[PDB]
Structure formats: structure tokens, C-alpha cells
Amino acid sequence: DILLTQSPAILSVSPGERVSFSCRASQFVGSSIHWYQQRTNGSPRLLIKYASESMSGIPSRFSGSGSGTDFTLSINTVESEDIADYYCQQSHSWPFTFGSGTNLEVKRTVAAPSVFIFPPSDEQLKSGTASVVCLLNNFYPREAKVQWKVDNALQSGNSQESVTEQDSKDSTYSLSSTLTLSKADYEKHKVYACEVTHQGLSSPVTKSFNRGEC
Amino acid sequence: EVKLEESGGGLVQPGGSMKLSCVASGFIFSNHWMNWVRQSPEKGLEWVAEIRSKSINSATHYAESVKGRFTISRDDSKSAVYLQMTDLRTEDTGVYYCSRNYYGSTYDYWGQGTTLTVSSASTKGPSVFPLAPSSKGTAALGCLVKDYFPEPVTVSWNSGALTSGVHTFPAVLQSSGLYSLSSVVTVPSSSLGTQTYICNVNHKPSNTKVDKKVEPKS
């Protein structure tokens, strides 16, 4: 199949900015590139057909260009309703294929996360499992590094992260990192630490606790 | 106005079968080429199958990943297109859109999507554990909602009276095949001795409802 490479995966736009994103086909596709918008919880919506032709009812700030392999979608001054994912699609030859998408997000000033650590509850421990939760609250941008250390041993493969959608009011993200161990493994160690690296922190922040102490 | 309306999604075990349906209106249905396109976080948007108009023998076309397992059909008297799926795989999981393709170019109209979940996990309500506010300004507390299936759960705080500063995280699938999430909220430290904090968890697929009071750990 023809592969479409969209870049960047995440584009950050300040309100009022003129932005553009890219779609590159793995072989010649003529002018047969079409662009779609998909808002959160919505369906794809056709915006631009054949590289540069705008659909009726689509606002004039959208325009497309390109031919051959490299294509561009532009929004001349983004509005808040343009915050969405955008996909390209080729119809040059069968089967038709889609790019992986560019997410348009709100750009704001840097905000450091507020970091909190939560030991496993006594109730959960009685069930045979221990979940340790590290919370990064209301930060920007979305890139953050969270490392677990257990009695100074860096952990790998036993945690999962989850990130909220960008907040509609302050444009920040929040993130959870959850370390899961068996009760026996949890009780083998004392010091549980979450270390958080983020552009907004002048030095990485560590939150930690001693097992069973309070 | 053009409308495409899908139905039939749901939960099925691997090896299983399921039929999706879509009803169209607002255009001359029998002239047009109807498609199924699916979407997942791992593979993005993928064309699945097409059935063209009766005027050209209503030819069917399938993605290689579903050929021989899926069958697309249409009933022009009902303005309906169908997708019969068989030998379902976990990687068939996703949102399935009915879509019109304009004679081999754009997908110019889309439905609302219907969700297919292929999994061997059994339906199960969550366990809810407190994330107690740290004994060491602003305090954070929450509830851990662990080991439920399938999606979704809803979480409120104090029966909906508490909404500011709540973050209910997206669920993550565990290697067990069950989901887990946390819901957290930041509140003034001074309010910990005067205000109770209770998360209300509802998991409709298992008829589970749980209220968990979250307090400082003694």
C-alpha cells in the first residue's frame, strides 16, 4: 500500500497563529490527497479535496497545496474550533490509505507539574496487590519523564502512564504513573520514589515515602 | 441533509462473529459506493471494505487484513449497508464508521461510528481503593478504580457537588485484560478536617456501584 507520513504528530498553536502541517506519500500520488478534520469524540469531516480544492461550507482560513509526494494543509489564523486531529488520505491507487494524523493543541506558557505520591492502601494490600501512584498535576508542555526508584533501583516494565486531554480552561495536562507489584514484592523494599523531569522545573522533583510509615 | 447511522457494535470473544448495519438517507443510495472504515489508536484509520453500485454488478472489495473473514453487503430497498465479521481477532477492535466514497476519491460523508471490542476478558466490576491525602496549601486525594471490564466507568465526587480540580484519567488496559484508572482532585489543605470526600463509582456493565470515603490515613 501507499504510506502517508504526517508530520509533526503534535503541532502546538498559539491563538491567532498561521500554521501548516505536512503529508508525505511514499510514492507519487498526483494531486489525489484529501484532508479531514476530526474533533474530540467526533467523526472525520472532509475539508479539502485533491490537494487544494476547498469543500463548500468549509471556512476560508483552510487551504491546501502540494503535488507529487509532499502536501501541506494550512490554517491562516487558527480558531479555537480548529483544535482537532487532522488526517490526509490518498486516492491515487487502491487501496485507499490514511496518514497517522496530526494533533493540533493549544500552545501556552510553560507550567511545572505539581507532584504527589500515593502509597498502596491497606485495603488493596490485603487483596495481594500493591499499586503506587505518582500524580503530575496541571503542567505544560505535555512532555514529561517519570522514573520509579525502589530502594535506589530504577524500575522498568512494571508501570503504566495515563494522560488527560488538554484542559479546556487552562490548557494544561495531568499525568498519572502507576507502579504495580505483588504484595510480597512490595513488602521486600522500603523506599519508594517517583522522580519527575519537566521543562518547567528548575531541577527534577522527587516525591518518596518509606513503606508502612505514618 | 445526509445522514449515515451505524448500529450493531459491542463485545465479542476472539473467534467470534458480529454483524454491523448502517442506514443512509439524504442521497440516492443505490447510485453510490458504500464503505466501512475503522479507527484504532494503534493503526489509525484503515479502510476495511467497499460495495459499489448495482449498475456495476455491486462489486465488493476488502482490505487484505480482513479478506475471507468479512463480508460487506447492501440492501438498496432499505438504504442499508452491512458488515458481517467472522473469525474476529483482538486487533479487529476499534470504531467502525460507515462512509460514502465518492466514486473512487474522497470519503465525503461519515457516520457516527460503532464500537467493536474483541476480547476474552469476562465482565467484572472494579475494586475501589482510596488515594489518601498525604499527611505532609493544596492537597491531592483520589480513588483507584482497579480491575474492571469492559469500558466504561463513571466517577463523580460527593454525588457531583465537587467538580473543580477533578481529573479522572483515561483507563489503561492491563496485561490481565482488565482496565484500571484513577480519579484525583486537588482541594485546600485546610478543608481536610472540615469536608468529607467521597468518590462515587458506577460500572453499568456489571451493575456495580461503589461509594468510597477518602480520608487521611491514621
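Residues numbered from 1 in each chain as written, not as in the entry; some residues may be left out. Chains lettered and ligands numbered in written order. Heavy atoms only, no water. Residues with missing side-chain atoms left out of burial classes, pairs and counts.

A.B. asks: What am I meant to see in the overall build of chain B here?
C.D. replies: Counting secondary structure elements, chain B contains zero helices and 19 strands. Taken over C-alpha atoms, the radius of gyration comes to 23 Å for chain B, far larger than the 17 Å a tight globule of 218 residues would show. For chain B, the C-alpha atoms occupy an extent of roughly 75 × 40 × 25 Å along the three principal directions. (Helix = DSSP H or I, 4+ residues; strand = E, 2+ residues; numbered from the N terminus. Rg over C-alpha atoms; globule rule 2.2 N^0.38 Å.)

A.B. asks: Would you mind going over the sheet that holds strand 14 (residues 154–157) of chain B with me for this structure?
C.D. replies: Backbone-to-backbone hydrogen bonds pair the strands of a sheet. The strands run either parallel or antiparallel. Residues and elements named next belong to chain B. A sheet is described by the order of its strands in space; here three strands give the open sequence 14-18-19, paired in antiparallel fashion. Both edges of this open sheet fall to strand 14 and strand 19 (208–214), since each of them pairs with a single strand only. With strand direction ignored, the average angle separating the axes of adjacent strands in the sheet is 15°. Alignment of strand 18 (residues 197–203) against strand 19, held across seven bridges, turns out to be antiparallel. From the neighbouring strand, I198 faces strand 19, where its bridge partner is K213. (Pairing = 2+ DSSP bridges. Axes fitted to C-alpha atoms, helices over the stretch in contact; angles between N-to-C directions.)

A.B. asks: Just to check I follow, could you spell out the nonpolar core for this structure?
C.D. replies: Soluble globular proteins tend to pack their nonpolar side chains together in the buried interior. All names here are of chain B. If you look at the biggest cluster of nonpolar residues, it comprises 37 residues, and the most contacted ones within it are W36, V81, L83, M85 and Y96. When contributions to this core are tallied by element, the ones reaching two or more residues are strand 3 (18–25), strand 4 (33–40), strand 5 (44–51), strand 7 (70–75), strand 8 (80–85), strand 9 (94–101), strand 10 (107–110) and strand 11 (114–118). Those residues in contact with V81, other than ones at most four positions away along the chain, are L20, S21, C22, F29, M34, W36, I51, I72, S73, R74 and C98. (Core = buried A, V, L, I, M, F, W, Y, C linked by side-chain atoms within 4.5 Å. Buried < 20%, exposed > 50% of the residue type's maximum accessible area, 1.4 Å probe, protein only. Contact = heavy atoms within 4.5 Å.)

A.B. asks: It is not clear to me how the sheet that holds strand 12 (residues 114–118) of chain A should be interpreted in this structure. Could you clarify?
C.D. replies: Residue and element names in this part refer to chain A. Pairing is antiparallel in the open sheet, where four strands are placed in the order 12-13-17-16. Lying at the two open borders of the sheet, with one neighbouring strand each, are strand 12 and strand 16 (159–163). Strand-to-strand, the axes of this sheet are offset by a mean angle of 15°, without reference to chain direction. The pairing of strand 16 with strand 17 (residues 173–182) spans five bridges and is classified as antiparallel. Along strand 17, the bridge assignment pairs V163 with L175.

A.B. asks: I would appreciate a short explanation of the side chain of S180 of chain B in the present structure.
C.D. replies: Residue and element names in this part refer to chain B. Here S180 shows up in strand 17 (residues 179–188). Exposure remark for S180: the relative accessible area of 15% places this residue in the buried category. Those residues in contact with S180, other than ones at most four positions away along the chain, are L144, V145, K146, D147, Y148, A171, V172 and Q174.

A.B. asks: So what exactly am I meant to see when it comes to the state of the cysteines here?
C.D. replies: Two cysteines, two sulfur atoms, one covalent bond between them: this is a disulfide. Under the criterion given, the structure shown has four disulfides over all chains. Here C23 of chain A connects covalently by a disulfide to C88 of chain A, the sulfurs 2.1 Å from one another. Between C23 of chain A and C88 of chain A, the disulfide has an S-S torsion of 80° and is therefore right-handed. Taken together, the residues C23 of chain A in strand 3 (residues 19–25) and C88 of chain A in strand 9 (residues 85–90) connect sequence positions 65 residues apart. Residue classification places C23 of chain A among the buried positions, given a relative accessible area of 0%. The side chain of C143 of chain B participates in a disulfide bridge whose partner is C199 of chain B; the two sulfur atoms lie 2.0 Å from each other. Across the S-S bond linking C143 of chain B and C199 of chain B, the dihedral sits near -95°, which makes this disulfide left-handed. A residue pair is termed long-range when its members are at least 10 positions apart, and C143 of chain B in strand 13 (residues 138–148) and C199 of chain B in strand 18 qualify at 56 residues. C143 of chain B sits in the buried class, given a relative accessible area of 0%. (Disulfide = S-S within 2.5 Å.)

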